[PDB]
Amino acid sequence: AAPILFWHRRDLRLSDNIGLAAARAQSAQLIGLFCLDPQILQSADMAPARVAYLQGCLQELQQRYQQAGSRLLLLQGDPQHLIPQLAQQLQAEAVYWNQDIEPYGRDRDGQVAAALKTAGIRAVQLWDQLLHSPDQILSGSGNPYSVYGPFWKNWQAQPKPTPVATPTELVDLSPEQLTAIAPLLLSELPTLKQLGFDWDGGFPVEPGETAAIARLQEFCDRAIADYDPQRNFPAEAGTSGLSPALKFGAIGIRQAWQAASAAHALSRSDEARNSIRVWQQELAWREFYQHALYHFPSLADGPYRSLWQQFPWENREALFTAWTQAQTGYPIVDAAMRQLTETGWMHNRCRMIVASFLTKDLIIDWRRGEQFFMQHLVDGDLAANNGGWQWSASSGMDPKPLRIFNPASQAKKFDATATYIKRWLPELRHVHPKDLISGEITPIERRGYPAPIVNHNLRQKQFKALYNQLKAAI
């Protein structure tokens, strides 16, 4: 008959899904689909933790479609070839999907749409992962924002969209239709091992739409009230842990905003009100970087600002390796890198500390770090990750005066009792918090823990010297 295909990519859920809801209003014969794209899966920048989470979200999505009335088709190969072929073999009335903000996804999408148009099949691309699309937030001159302040002021004033309906009572494909597409389908969802990956480090929130919705609700029911200032301490479990759920769409952005907004209205405490407004602004910050990547795709290439594209990075491989292996000798840094490689997630305050360290202290092209994070983060996200690293050098959007973190100051300020440090560096649980914070540990009391790979003071003078020299040379 006239079935509609909904192509899932980073919206692995059936609830509050813009493109999916629009598709259901056009037809009950709604068949979901996911394509295992080799250019994504085989990339050297793919994190095992991310594939594990992804695979887990898909397992649940297969069930949701089954329960809804149809199914989730699985494909493996090139999208602009396989999607059009599948839609054609199925004489699809249309193929729906939610828009991407990333260069690769957008280029791929334009190609799939063109292939569909050629085949005479409708392609509908709608915005779903953002409360406000990049085209809705523009300045008085109709231009994008590269400074957060003005962006937030506009974004905040825009009326917020509400969650859309979950599609129900779907019509499954028939045997004859299934025969027509048989050659293009995988018989079953490959396991993590079959795909060639292994992960046993756990997750910030268990995989799947259900677990994501439960976490959102548990967070907004309590912990969110203390977000500010509990968000600043790595030792405290004061954040939501929903990052991978938002990256893969296990949770809808409108459900998240609504749950927080409802918690704000329910709250009668001023401090709780503030804490919730602060969390909400985190979501605004997320959109700033996503819109930035959309408007200025070259950001993905590396240092944006002209001065930084010329910065003389030292790039001592040995220093980088030590960083990736948590053998820097700086407790607060090694504890964080251990949390990342071991659990696939890192507290935001720690991401800032280790990024600054790699760029300011080790003086390594931050792209090596951006890539290492992408190779390990369960929430590895180009817009946010690139935004985070451009930040470590003010080389991109919303630049700030040159500054260099002192691991010791940060450690003392956000892990004053060294609880987080001892937690991830148990072999140093005997050392005094004072020494773990300052980074000055006596050889005997240090055991196998390495000594500082660099002298902060000297590295700091070196970085500024290179900055001022290039600053003048221009």
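We number the residues from 1 along the sequence you see.
Per-stretch averaging of Cα B factors for 292 to 300 and 218 to 226 places 218 to 226 on top. Stretch comparison (62 to 70 versus 46 to 54) by mean CA B-factor in the PDB entry places 62 to 70 on top. As recorded in the entry, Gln327 carries the highest CA temperature factor of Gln327, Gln136, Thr166, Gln99. Note on the listed residues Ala465, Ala25, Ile18, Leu14: the highest Cα temperature factor in the record is that of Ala465.
Ranked within its chain, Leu186 lands in the highest third, by CA B factor from the PDB record.
Per the deposited record, the Cα B-factor of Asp107 falls in the middle third when ranked against the other modelled residues of its chain.
In the PDB entry, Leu173 places in the middle third of its chain by CA B-factor. In this PDB entry, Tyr148 carries a Cα temperature factor that places it within the middle third of its chain's modelled residues.
Ranked within its chain, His264 lands in the highest third, by CA B factor from the PDB record.
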